[PDB]
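Below is one structure; the comments refer to it alone.
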Amino acid sequence: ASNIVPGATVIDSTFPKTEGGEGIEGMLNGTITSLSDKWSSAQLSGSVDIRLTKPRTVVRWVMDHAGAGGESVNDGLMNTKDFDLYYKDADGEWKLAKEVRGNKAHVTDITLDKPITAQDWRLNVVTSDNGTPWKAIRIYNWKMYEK
Ligand SMILES: [Ca+2]
């Protein structure tokens with residue numbers, strides 16, 4: 802209802818185009834149905850550009866990492882560590898909304914410094930985990946909220 806990511810389209814990414822289990826769309830649907838309701842990639846870093854169903858004024862940004870979906874629940878070794886959110890401004894320029902460094906938590910729930918109005922948003926995964934033996938990008942949901 803209030804998460805405004807679901808229905809978003811992928812407009813660009815820096816990952817080889819590839820069918821198709823646990824694709825990018827997995828983190829857009831806002832659900833944790835099962836192990837298959839995430840995005841996972843063997844490429845340990847990269848970015849995703851999405852276009853929301855409409856422009857939104859975003860105040861809050863939530864990421865459900867692997868631990869939130871029941872993977873490595875005890876230690877969080879599979880949880881995304883460094884990752885940033887960018888937005889495309891009115892002039893068409895990408896601007897940094899929020900940088901995260903050193904995360905280990907299952908869920909990151911971040912209020913933005915200020916409300917940001919944009920339709921196109923970018924997630925950049927810098928460091929995909931916290932030293933799990935089975936390294937991968939594993940993101941259950943990318944969620945954002947208006948006031
Ligand atoms: Ca999901």
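Here PDB author numbering = 1-based position in the sequence shown + 801. Backbone N, C-alpha and C define an ideal beta-carbon position, used for all residues, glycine too.
Nearest-angstrom beta carbon gap, residue j and residue i [assumed within contact, 8 Å]
i: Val860; j: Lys948; result: 5 Å
i: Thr881; j: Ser929; result: 6 Å
i: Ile938; j: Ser842; result: 4 Å
i: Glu826; j: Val849; result: About 10 Å; that fails the 8 Å criterion.
Where residue i sits in the DSSP three-state scheme
i: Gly877; result: coil
i: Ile825; result: helix
i: residue 949; result: Absent from the model: residue 949. The displayed extent of the chain is 802 to 948, so no value can be given.
i: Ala867; result: helix
i: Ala898; result: strand
i: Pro807; result: coil
i: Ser846; result: coil
Heavy atom of ligand 1 within 7 Å of residue i beta-carbon
i: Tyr888; result: no
i: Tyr946; result: no
i: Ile851; result: no
i: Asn830; result: yes
i: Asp910; result: no
i: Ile805; result: no
i: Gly893; result: no
i: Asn942; result: yes
i: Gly903; result: no
CA-to-CA distance, residue j to residue i, given in whole angstroms
i: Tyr888; j: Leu897; result: 6 Å
i: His866; j: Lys905; result: 9 Å
i: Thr854; j: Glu894; result: 20 Å
i: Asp890; j: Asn875; result: 39 Å
i: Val927; j: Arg902; result: 9 Å
i: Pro856; j: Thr819; result: 28 Å
i: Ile940; j: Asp813; result: 17 Å
i: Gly821; j: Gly808; result: 18 Å
C-beta contact flag for residue i and residue j at 8 Å
i: residue 767; j: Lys899; result: Given that the chain is displayed from residue 802 to residue 948, the structure contains no residue 767 and the question cannot be resolved.
i: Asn942; j: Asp885; result: no
i: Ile833; j: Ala869; result: yes
i: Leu878; j: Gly932; result: yes
i: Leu829; j: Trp862; result: no
Residue i Cβ short of 7 Å to ligand 2 heavy atom set
i: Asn880; result: Ligand 2 is not part of the structure shown, which contains ligand 1 as its ligands.
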